[PDB]
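Below you'll find the structure, written out as structure tokens, and then a few comments.
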Amino acid sequence: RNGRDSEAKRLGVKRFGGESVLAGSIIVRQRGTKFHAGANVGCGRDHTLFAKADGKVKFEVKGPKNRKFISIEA
Amino acid sequence: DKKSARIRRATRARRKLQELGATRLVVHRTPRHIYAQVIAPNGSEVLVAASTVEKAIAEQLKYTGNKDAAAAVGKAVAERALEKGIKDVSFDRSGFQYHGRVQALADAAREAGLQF
Amino acid sequence: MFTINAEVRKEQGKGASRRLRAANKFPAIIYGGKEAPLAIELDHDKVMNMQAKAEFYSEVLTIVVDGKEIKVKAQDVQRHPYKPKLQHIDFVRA
Amino acid sequence: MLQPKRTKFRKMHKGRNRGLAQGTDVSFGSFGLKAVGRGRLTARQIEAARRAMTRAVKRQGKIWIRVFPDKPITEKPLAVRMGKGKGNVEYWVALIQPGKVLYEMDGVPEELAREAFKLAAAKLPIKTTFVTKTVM
Amino acid sequence: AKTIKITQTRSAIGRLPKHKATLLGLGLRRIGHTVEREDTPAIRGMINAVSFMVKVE
RNA sequence: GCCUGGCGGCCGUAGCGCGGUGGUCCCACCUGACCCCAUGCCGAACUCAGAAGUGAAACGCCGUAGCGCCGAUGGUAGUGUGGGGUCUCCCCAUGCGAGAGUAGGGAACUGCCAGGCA
RNA sequence: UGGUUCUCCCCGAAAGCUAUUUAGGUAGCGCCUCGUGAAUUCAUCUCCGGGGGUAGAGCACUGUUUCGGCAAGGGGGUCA
RNA sequence: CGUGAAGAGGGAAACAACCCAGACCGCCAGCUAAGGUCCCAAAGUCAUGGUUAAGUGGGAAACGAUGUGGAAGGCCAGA
RNA sequence: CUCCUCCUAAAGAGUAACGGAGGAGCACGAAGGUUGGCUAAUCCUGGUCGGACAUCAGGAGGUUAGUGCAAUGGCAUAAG
RNA sequence: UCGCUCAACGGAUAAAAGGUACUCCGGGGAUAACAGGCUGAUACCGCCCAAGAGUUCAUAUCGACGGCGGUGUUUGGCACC
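Residue numbers (the entry's author numbering), protein chains in the order written: chain y, 11 to 84; chain o, 2 to 117; chain w, 1 to 94; chain m, 1 to 136; chain 2, 2 to 58.
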């Protein structure tokens with residue numbers, strides 16, 4: 011009655027903290043947010059955060075809900 | 002629950018001005034007064050501010066807190082920013098409808114010169 | 001009535017405290033009060049035949065250690081999961 | 001025998017049984033039957049030892065079963081091959097670690113309880129000891 | 002440095018691939034081969050990674 | 001230097017309860033809505049006029065640990081590497097080391113205008 | 001399917017993935033070899049920056065589970 | 001992940017996969033690893049302390065049994 | 001037998017079995033864009049019919065709701 | 001831009017079902033039947049607990065509910081020869 015699964019979507023973090031990225035570089039692929047778009051980072055339609063600017067990757071909890079953001083710092 | 006509703010409307014318009022990094026002219030309206038500040042792209046502290054609460058713009062007025070008073074602040078906050086060299090400001094409604102006094106204040110800053 | 005001899009713990013940790021238990025002692029702690037917590041060692045089968053009383057957990061005790069008696073209350077006891085052996089005692093100042 | 005009235009899932013994985021138990025104190029009664037070995041208590045065993053305790057105390061004094069059979073053990077029929085999906089759920093066990101209080105009792109004298117917990121221990125596949133309640 | 006001496010005590014046959022790389026980074030080719038490495042904490046950590054099979058003097 | 005207001009930093013040691021408390025300075029309800037405006041109905045809300053009233057509600061500030069929340073020390077769990085004992089599963093050496101729970105902390109702390117004695 | 005014939009030296013696999021009228025075949029990649037290029041590229045360890053939700057634990061959530069107190073509501077003889 | 005495959009050697013009696021260890025060639029040289037040291041069969045009939053009496057060692061469970069460290073109990077006014 | 005979601009899956013990615021559970025082969029010219037608002041489920045009480053539940057009003061509660069369609073990640077600046 | 005349940009979904013053709021105990025060939029212990037092995041769920045044998053039955057009386061005999069083993073005697077599992 012079972013037997014079906016799907017192809018694995020290769021989600022997760024592609025560039026970790028302190029990594030230097032070019033602009034347009036995908037930083038995290040995700041389904042929901044689970045990671046919000048901080049400075050110099052777009053959200054994308056499937057919520058794929060991506061570097062809007064060259065610089066280093068920066069994760070930080072910030073906000074009234076302790077949500078993880080991702081900034082980009084040149 | 003008038004303030005709890007209003008900061009809920011502003012806090013989407015307060016963003017896209019932090020993620021844009023735009024100088025915010027923020028307007029605060031109240032029954033009898035009208036306030037305005039110009040705040041830097043950072044969230045830290047203001048650059049110029051003007052209101053009717055200062056006694057300069059108190060008895061230059063027939064009444065504090067109406068649309069002719071909001072146009073008094075509209076010239077006041079704008080003419081005090083250009084002398085500091087601040088234009089290309091972005092207007093923040095701060096939860097008020099851009100209709101009445103706050104329309105009369107942004108209109109009277111666009112005449113006095115604030116680039117939006 | 002209950003007077004307990006103790007020695008200061010020189011090494012704390014996991015393998016340190018497993019050696020104390022295999023050598024028929026067991027570790028303890030005296031926290032509470034102004035002073036810093038005092039990691040101590042008791043001998044097992046003298047304290048085990050002393051905590052079988054109901055008033056080891058009720059009255060103030062007296063832990064003598066290197067020339068100091070500290071008026072203490074037993075605060076929490078980690079026992080062995082199934083053997084009748086203690087694994088730790090918490091003492092508070094009193 | 002004990003069994004969950006409903007579960008969200010019909011079959012579980014096999015899992016493992018590593019570690020020591022979390023409910024290790026006599027919480028409710030006075031006298032306990034603590035497990036000192038490790039294994040699986042099927043609901044047939046828990047019920048057989050529940051009767052053997054109750055019959056020994058002559059329906060007197062309260063009796064707690066501190067464990068519950070909430071793991072569905074499957075078993076493939078005879079003369080069937082390997083594969084063809086997981087087999088069918090045939091009984092329910094409780095995983096038992098060393099230190100688990102299996103049963104509890106009060107309302108009886110202790111020598112009637114140590115007698116009744118000796119009759120229950122011969123129904124279980126797990127070596128067990130008799131423990132009484134401790135303040136702290 | 003103080004330049005400690007490290008020698009290999011056991012062999013690297015059944016060992017992890019991360020252990021054999023640590024013997025490469027020290028320079029140990031075989032059992033009994035002593036080697037003369039400087040006393041930095043990055044060599045103390047290489048020793049501690051394979052301390053079951055090296056003997057330092 | 002307290003008081004209020006905007007904007008923030010920060011994100012429960014900051015929240016909530018409970019108690020006390022503040023007036024035209026500010027803020028709040030409040031007066032009225034005829035028009036700008038607007039409610040699938042209501043000037044409730046939004047909005048516009050203008051201050052007669054009140055600080056009741058809200059909102060600050062001050063109390064109180066009742067509740068969250070924070071939380072060591074030690075021990076335990078787990079575990080990398082190495083070596084051991086054997087149904088399972090552990091133990092030694094060494095490195096890392098929780099969660100829970102105790103002691104205790106805790107009634108937040110902080111960058112612009114205005115007000116009133118300084 | 002079976003056989004494949006002289007000698008030394010150097011290196012040295014795989015039995016995976018993905019497709020397949022494919023599953024004992026084959027193909028691309030992975031791993032092997034030889035060659036030619038190129039960067040303190042690579043590995044090890046130390047320090048730093050990271051993201052986890054596994055082990056453990058826990059029971060607020062999702063379910064499940066005992067026992068106690070349930071301010072219930074009312075089965076239940078029961079009254080009319 | 002390691003070994004075999006594609007790795008011989010020493011040990012586990014014998015025993016691809018386990019333990020030790022990676023064979024270029026020669027030597028009638030030495031030190032070691034795992035394993036061992038009474039004889040087969042190379043090396044301790046080693047030294048000191050303890051244990052066991054079953055040939056346990058040298059196959060096994062629940063369970064049974066006066067095999068052989070800390071306390072507890074009712075007495076030289078008698079247990 | 002292709003595709004999606006979860007678990008297996010060992011806290012990066014990936015990872016098998018005739019392993020454990022579910023779904024898809026669309027829908028939508030608004031259910032898309034934007035701009036301006038708004039904030040739920042359940043429960044208590046009040047009670048024209050009206051009952052556990054229609055509607056209205058308050059209190060509690062704080063998303064236990066909702067997300068055109070599975071499940072998971074999300075969602076109050078709402079993605080409702 | 002359209003036409004494909006080419007769904008066996010990287011799609012052999014536009015178009016395709018069976019029988020063979022009359023059979024054949026090329027291979028396979030890569031893979032079944034027999035027997036051997038491994039394993040013992042099952043089977044068989046023993047034991048523990050004792051509720052009970054046995055007029056009283058658990059253990060003369062039997063032994064519910066449950067527990068732990070042995071054997072390699074069946075039915076299997078596996079697919080090593």
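Ideal placement from N, C-alpha and C gives every residue a C-beta, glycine not left out.
Interface partners of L20 (chain m) on chain w, CB under 7 Å | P81
Residues in its own chain within less than 7 Å of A79 (chain o) by CB, not counting five upstream and five downstream?
-> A110, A113, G114 and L115
Give the secondary structure of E55 (chain o) by DSSP, where H, G and I count as helix, E and B as strand, and everything else as coil.
-> Coil at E55 (chain o), not helix or strand.
DSSP state of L29 (chain 2), grouped into three classes?
-> coil
Specify the secondary structure class of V28 (chain o) as computed by DSSP and reduced to three states.
-> strand
Output yes or no for whether 8 Å exceeds the beta carbon distance between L33 (chain m) and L102 (chain m).
-> Note that the C-beta distance between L33 (chain m) and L102 (chain m) is below 8 Å.
Residue 153 (chain m) touches chain w at which residues, Cβ-Cβ below 7 Å?
-> Residue coverage of chain m in this structure runs from 1 to 136, which leaves residue 153 (chain m) outside it and unanswerable.
Would you kindly report the start and end of the unbroken alpha helix (DSSP H) that includes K56 (chain 2)?
-> Where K56 (chain 2) is concerned, there is no enclosing alpha helix (DSSP H), although the beta strand (DSSP E) it sits in stretches over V55 to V57.
Under 8 Å Cβ to Cβ from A63 (chain y), same chain only, skipping five residues before and after it: list those, please.
-> Cβ within range, chain order: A33, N50, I82 and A84.
Mind checking the region 98 to 123 of chain m against chain w and listing, in chain order, the residues whose C-beta falls within less than 7 Å of any C-beta there?
-> Per Cβ criterion, the list reads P98 and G99.
Reduced DSSP secondary structure (H/G/I, E/B, other) of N5 (chain w) = strand
List the residues of chain w whose Cβ lies closer than 8 Å to the Cβ of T129 (chain m), in chain order.
-> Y82
Quick one: Cα of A36 (chain w) to Cα of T3 (chain w), how far?
-> 22 Å
For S58 (chain w), does the three-state DSSP call read helix, strand or coil?
-> In the structure shown, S58 (chain w) sits in coil (DSSP, three-state: anything other than H, G, I, E or B).
Going along chain w in order, which residues have a C-beta closer than 7 Å to the C-beta of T24 (chain m)?
-> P81
Please decide whether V67 (chain m) counts as near chain w, where near means a Cβ-Cβ distance under 8 Å.
-> no
Supposed contact pair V92 (chain w) and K73 (chain w) - C-beta distance, whole angstroms, cut 8 Å | 5 Å
Candidates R40 (chain m), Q3 (chain m), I63 (chain m) and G39 (chain m): closest to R50 (chain m) by CA position | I63 (chain m)
Look at the Cβ atom of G46 (chain 2), then the Cβ atom of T8 (chain 2), and state whether they are nearer than 8 Å.
-> Not closer than 8 Å, so no.
Candidates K127 (chain m), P109 (chain m) and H13 (chain m): which alpha carbon is nearest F31 (chain m)'s?
-> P109 (chain m)
List the residues that DSSP assigns as beta-bridge partners of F92 (chain o).
-> Paired residues: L26 (chain o).
Chain m partners of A74 (chain w), CB-CB under 9 Å?
-> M136
Tell me the start and end of each unbroken alpha helix (DSSP H) in the region 41 to 109 of chain m that is at least 4 residues and wholly inside, in chain order.
-> You should have 43 to 56.
Integer Cβ distance of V57 (chain m) from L112 (chain m), believed to fall under 8 Å | 6 Å
On the three-state DSSP scale, how would you describe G39 (chain m)?
-> strand
Would you mind reading off the limits of the beta strand (DSSP E) that contains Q3 (chain m)?
-> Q3 (chain m) -> no beta strand (DSSP E), and no H or E assigned at all.
Please report the Cβ distance between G66 (chain o) and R16 (chain o), rounded to the nearest whole angstrom; I am assuming they are in contact, meaning their Cβ atoms lie under 8 Å.
-> In fact, because the Cβ distance is near 29 Å, the residues do not count as touching under 8 Å.
Three-way DSSP call (helix, strand, coil) for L18 (chain o) in this model = coil
Shorter than 8 Å from the beta carbon of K58 (chain m) to some beta carbon of chain w?
-> no
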